[PDB]
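Residue-level listing of the chains:
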Amino acid sequence: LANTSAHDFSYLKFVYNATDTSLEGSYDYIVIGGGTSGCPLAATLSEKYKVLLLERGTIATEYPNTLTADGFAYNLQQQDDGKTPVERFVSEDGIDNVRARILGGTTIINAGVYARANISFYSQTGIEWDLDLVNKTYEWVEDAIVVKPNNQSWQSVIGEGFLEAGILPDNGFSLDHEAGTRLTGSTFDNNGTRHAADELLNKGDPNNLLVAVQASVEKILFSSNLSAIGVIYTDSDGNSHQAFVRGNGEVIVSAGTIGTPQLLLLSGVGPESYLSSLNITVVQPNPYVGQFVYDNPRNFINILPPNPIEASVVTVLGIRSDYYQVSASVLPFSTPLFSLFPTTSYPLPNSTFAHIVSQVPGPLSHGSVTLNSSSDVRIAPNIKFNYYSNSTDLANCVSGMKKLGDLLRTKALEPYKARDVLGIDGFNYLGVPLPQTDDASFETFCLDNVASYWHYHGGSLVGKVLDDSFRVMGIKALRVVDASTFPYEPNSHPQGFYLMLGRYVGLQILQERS
Ligand SMILES: Cc1cc2nc3c(=O)[nH]c(=O)nc-3n(C[C@H](O)[C@H](O)[C@H](O)COP(=O)(O)OP(=O)(O)OC[C@H]3O[C@@H](n4cnc5c(N)ncnc54)[C@H](O)[C@@H]3O)c2cc1C
Ligand SMILES: *[C@@H]1O[C@H](CO)[C@@H](O[C@@H]2O[C@H](CO)[C@@H](O)[C@H](O)[C@H]2NC(C)=O)[C@H](O)[C@H]1NC(C)=O
Ligand SMILES: CC1(C)OCc2cc([C@@H](O)C#N)ccc2O1
Ligand SMILES: *[C@@H]1O[C@H](CO)[C@@H](O)[C@H](O)[C@H]1NC(C)=O
Ligand SMILES: *[C@@H]1O[C@H](CO)[C@@H](O)[C@H](O)[C@H]1NC(C)=O
Ligand SMILES: *[C@@H]1O[C@H](CO)[C@@H](O)[C@H](O)[C@H]1NC(C)=O
Ligand SMILES: *[C@@H]1O[C@H](CO)[C@@H](O)[C@H](O)[C@H]1NC(C)=O
Ligand SMILES: *[C@@H]1O[C@H](CO)[C@@H](O)[C@H](O)[C@H]1NC(C)=O
C-alpha cells in the first residue's frame, strides 16, 4: 500500500499542449482518453514502445480542489464552463450526472473508494484471464495510490450499524469485494491528499511516453484488412492535428462509457441503419456500439443528527449479493453539488447530515448512447439508462431499502435520532424519509427517489463489440479499454478494477506482440 505523500506531478515533464504540431507523427500506440484505464495503459505500453496519450481535459494543477478530499464538493458545485474537470449531463431519464474532463479522468473527481473485483467475476466473464498477473497488477496500482484509511468516527458508527443490522461477517480491513462489513482502501491518503490515475504515468518511460492535453479526439482514421491507422484531434484554439500508428502498433480508445461509443459512432463503427440514417459512412457495421449502457441505481436517505457529526470520506462498506451500502457524513452547503441529488430541485442542508446509501448490483436495466451531433465530439451524446425497467433491479432496491431501515433501527445509529421514540420517525430527514412496508410503498420510494451511483458502464461490450483481447471485432489495430467494456459491475466501487485493467491489457498487448 502507498503512504501519505504529496500528489506526484513528476510526469508533467512529458505533458504538452495539443497546440504543439511537433506531436503530430507516427507512434507505436495512441491511447485516447487519459483516464482511469488510459493512464495505466499508456504508462505500461511506454515500457517498450513510443506512446501518445491524448486527453481532452487539462492538468489537475489548474483545478486544485481536485487534489483534496475537502475539495470534492467544490468540483460538483462548480458551474460547467466547458473547461472544468466535471462535465455535467442529464440522462434522458431526467437524472443529473457528471463525467470527468481532466488528465487522470474520473479518479481526479471521484469519492476515492478502492476495491478489487469480486474474485468470481473473472470466471463469470468466460475470458481466459491470467489471474496471477491480475493480482500482480492490483499490487502495482495499490503500491502507487491506495492507503489503509485511518479511523473516522462516522465510518466506525456505520460499520457497527452494518454489523448490528446483520451484514456479516466482519471482514476487518480488506480490499476484497466479499459479503459482510469491511474497511476498504481509499485513493485519498490519511492527510486528505487525492492520489489518482495520472500518478500512474510516473511509472511510464519518460523517453517513450508523450501526453497531449486539451486534445479533443474527433475521429479514428482507417486504412483504405480494415485497420485503424491514426486519429484526428483538435486543440484548445480549434486547430486540427493528426497522429498515426506504425507497423504492428495500435489505437486504443479509453474515453469512458460515454466517450468511447461516441467516438466509435463518429468514426463509422456502429449500427449500419443508424449510421446510414445520419449519412455517416459505415466502416464496420456493429449493432451494439452505444448499446447495453448501464447505470447502477443509487437510493438513499439523509439524516440530520441533533448534534454535529464529523465529515468523513467513505471507507466502510456493507456488502450483500443483492445490494451494496455505504454512508458519507457531509458538511452543509448553500450551492448544490450537481448530481448528488437527482435534480437541482432538492432541499439544501442547514446542518451536517449523513447520506445513507444503497446501490443495486448489475444492473440488469440498460439503455444507450446516441449522437447529438454527427460531427462535433465536444457536443455531449444523448444517454438513457432506463432505471428500473428490469423488475429484478426494483426487487433488489426494495431489499436494499429494507436493509437501510434495519441500519437506522440499530443501537449504533440511535444516538443520532432527534426524538427517543421507538421508530425511525425519531430521526430528522433531509428530503424523503424511508417507508407502511408493503412492496408498493418501497417500489414507489425506489422509483421516485433514484439518483446515479456514478458507476455507469457499457456501450462497447466484450462479447458484443470486442473480443476477449479487447479488440473491436472485424478491425485490426483497434482496442477499447475502459468502463465501456463490461455489462455488470465488477464490485461496489469499480475504479480499482479499471485501473488494473488498463495495465493488464497493456501487458497482454506487449505479450501478444512478442
Ligand atoms: C462523482 C463520481 C464519484 C465516483 N466515486 C467512485 C468511488 O469512490 N470509487 C469507485 O471505485 N468508483 C467511483 N466512481 C466511478 C469510477 O471512477 C469510474 O467508473 C471510472 O473512473 C471510469 O473510468 P474510465 O477510464 O472508463 O473513464 P474516465 O476515467 O472518465 O476516463 C475517460 C477519459 O477520456 C477523456 N475523453 C473522453 N472523450 C475524449 C475524446 N474524444 N478525446 C480525448 N479525451 C477524451 C475524458 O476526459 C477522461 O479523462 C465515481 C464516479 C464519479 C463520476
Ligand atoms: C460475487 O460474484 C459472484 C458471481 O457473479 C456472485 O455469485 C452469484 O450470485 C448469485 C446471487 O445473486 C447467484 O444466483 C449465482 O449462483 C452466483 N454465482 C456463483 C458462481 O456462485 C456473488 O453473489 C457476488 N458476491 C457479492 C458479495 O457481490
Ligand atoms: C457527498 C457524498 C457523501 O460524498 C461522497 C459519496 C461517495 C459515495 C460512494 O459510494 C461512491 N461512488 C456515495 C455517496 C457519496 O456522497
Ligand atoms: C500529515 O499531516 C500531519 C498533521 O496531522 C503531519 O504531521 C504530516 O507530516 C503530514 N504528511 C504529509 C502532508 O505528507
Ligand atoms: C494551450 O495553448 C493555448 C493557446 O495557444 C492556451 O489558450 C491554452 O490554455 C493552452 N492549454 C494548456 C492546457 O496549456
Ligand atoms: C488473487 O487475490 C485474491 C484476493 O484479492 C485471492 O483471493 C485470490 O486467491 C488470488 N488469485 C490468485 C490466482 O492468486
Ligand atoms: C443524407 O443525404 C441524402 C442525400 O444524399 C439526403 O437525401 C438525406 O436527407 C440526408 N440525411 C441526413 C440525416 O442528413
Ligand atoms: C431482466 O434482465 C434479464 C437479462 O439479464 C432478462 O432475463 C429479463 O428478460 C429482463 N427483464 C426485462 C423486462 O427486460
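Residues numbered from 1 in each chain as written, not as in the entry; some residues may be left out. Chains lettered and ligands numbered in written order. Heavy atoms only, no water.

Going by the header, the method for this PDB entry is X-ray crystallography, and the resolution given is 1.70 Å.

Draft legend 1. Region of interest: the sheet that holds strand β25 (residues 457-458). The sheet built from four strands is open, its strands ordered β22-β21-β16-β25 with antiparallel pairing. Every other strand in the sheet has two partners, leaving β22 (382-384) and β25 as the edge strands with one partner each. Note: strand β21 (residues 367-370) against β22, three bridges, orientation antiparallel. Bridge pairing in β22 places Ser368 opposite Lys384. (Pairing = 2+ DSSP bridges. Helix = DSSP H or I, 4+ residues; strand = E, 2+ residues; numbered from the N terminus.)

Draft legend 2. Spatial organisation of the pattern of salt bridges. For the coordinates displayed, the defined rule picks out 13 salt bridges. Measuring nitrogen to oxygen at the nearest pair gives 2.7 Å for the salt bridge that ties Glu87 to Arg56. Linking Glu87 in strand β4 (residues 86-90) with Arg56 in the loop between β3 (51-54) and α2 (72-77), this pair joins segments that are 31 residues apart in sequence. A salt bridge links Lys136 to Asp132, with the shortest nitrogen-to-oxygen separation between them at 3.5 Å. Linking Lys136 with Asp132, this pair stays in helix α4 (residues 131-145), spanning four residues, or about one helical turn. For the residue pair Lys136 and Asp132, the accessibility class agrees, reading exposed in each case. One network of salt bridges, with partners in common, ties together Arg56, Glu87 and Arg99. (Salt bridge = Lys/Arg side-chain N within 4 Å of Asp/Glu carboxyl O. Buried < 20%, exposed > 50% of the residue type's maximum accessible area, 1.4 Å probe, protein only.)

Draft legend 3. Representation of the site of ligand 2. Ligand 2 sits among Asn118, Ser120, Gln124, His177, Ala179, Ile319, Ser321 and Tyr324. A distance of 3.0 Å separates an oxygen atom of ligand 2 from a polar atom in the side chain of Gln124. Here an oxygen atom of ligand 2 sits 2.9 Å away from a polar atom, N or O, in the side chain of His177. For ligand 2, whose free accessible area comes to 580 Å², the fraction covered by protein is 44%. Taken together, domain 1 (15-146 + 194-292 + 364-387 + 455-514) and domain 2 (150-183 + 297-359 + 388-449) each give at least three residues to the shell around ligand 2, which thus spans both. (Near = heavy atom within 4 Å. Polar contact = N/O pair within 3.5 Å; in protein donor to acceptor, adjacent residues only side chain to side chain. Areas by Shrake-Rupley, 256 points an atom, 1.4 Å probe, with all protein chains shown as cover. Domains from an automatic or database assignment.)

Draft legend 4. Geometry of the packing of helix α8 (residues 391-408) against helix α9 (residues 439-448). Running from amino to carboxyl end, α8 crosses α9 at an angle of 100°, the nearest separation of the two axes being 9 Å. Of the possible angle classes, the one that applies to α8 and α9 is roughly perpendicular. In this structure, α8 uses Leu394, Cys397, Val398, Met401 and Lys402 to contact α9, whose residues at the interface are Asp439, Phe442, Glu443, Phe445, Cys446 and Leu447. Looking at the contact of α8 with α9, its residues break down into eight nonpolar, no polar and three charged. (Axes fitted to C-alpha atoms, helices over the stretch in contact; angles between N-to-C directions. Parallel < 35°, antiparallel > 145°, perpendicular 65-115°, else oblique. Contact = heavy atoms within 4.5 Å. Nonpolar A, V, L, I, M, F, W, Y, C, P; charged D, E, K, R; others polar.)

Draft legend 5. Geometry of the site of ligand 1. Close contacts around ligand 1 come from 31 residues, with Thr36, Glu55, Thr106, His493 and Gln495 the closest. A distance of 3.3 Å separates an oxygen atom of ligand 1 from a polar atom in the backbone of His493. When ligand 1 sits alone it has 1,000 Å² of accessible area, and the protein chains cover 97% of it. Considered class by class, the residues forming the shell around ligand 1 number 13 nonpolar, 14 polar and four charged.

Draft legend 6. Spatial organisation of the side chain of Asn449. Note that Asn449 resides in the loop between α9 and β24 (451-452). Only 3.0 Å separates the side chain of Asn449 from the backbone oxygen of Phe445, close enough to count as a polar contact.

Draft legend 7. Region of interest: unusual backbone geometry. A cis amide bond, omega -5°, links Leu168 with the succeeding residue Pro169. Considering the arrangement of structural elements, one finds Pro169 in the loop between α5 (153-164) and β7 (170-173). Cis geometry marks the peptide bond from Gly362 to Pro363; its omega dihedral reads -10°. Its place among the elements puts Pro363 in the loop between β20 (353-359) and β21. In this model, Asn279 sits at a positive phi of 55°, which is unusual for a non-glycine residue. Mapped onto the elements, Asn279 comes out in the loop between α7 (272-277) and β15 (284-285). The exposure class assigned to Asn279 is exposed, which follows from its relative accessible area of 71%. In this structure, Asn386 takes a positive phi of about 55° despite not being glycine. Positionally, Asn386 belongs in the loop between β22 and α8.

Draft legend 8. Fine view of the packing of aromatic side chains. Counting across every chain of the model gives 24 aromatic pairs. Summarising the aromatic geometry, the rings of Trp129 and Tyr504 are spaced 5.2 Å apart at their centres and angled 45° between planes, so their arrangement reads as tilted. Each member of the pair, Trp129 as well as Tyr504, carries the same accessibility label: buried. Their ring planes at 85° and their centres at 4.9 Å tell us that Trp154 and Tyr416 sit as a pair that is edge-to-face. The positively charged end of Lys203 is found above the aromatic ring belonging to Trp140, 4.9 Å away from the centroid. (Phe/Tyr/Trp six-rings, centres within 6.5 Å; stacked < 30°, edge-to-face > 60°. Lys NZ or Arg CZ within 6 Å of the ring centre and 35° of its normal.)

Draft legend 9. Main features of the state of the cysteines. Per the stated rule, a full pass over the model turns up one disulfide. Put simply, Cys397 and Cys446 are joined by a disulfide, and their sulfur atoms are 2.1 Å apart. Classification of the bridge connecting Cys397 and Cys446 rests on its S-S torsion, roughly -95°, and on that basis the disulfide is left-handed. (Disulfide = S-S within 2.5 Å.)

Draft legend 10. Examining the domain arrangement of the protein chain more closely. Domain assignment breaks the protein chain into domain 1 (15-146 + 194-292 + 364-387 + 455-514) and domain 2 (150-183 + 297-359 + 388-449). Computed over C-alpha atoms only, the centres of domain 1 and domain 2 are separated by 32 Å. With 30 residues of domain 1 at the interface, the matching set in domain 2 holds 27 residues. Carbon and sulfur atoms supply 59% of the area that domain 1 and domain 2 bury against each other, a total of about 2,300 Å² over both sides. Together, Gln77, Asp96 and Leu364 form the three largest contributors to the area buried by domain 1 at its contact with domain 2, with a combined 25%. (Buried area = accessible area lost by both parts, 1.4 Å probe.)

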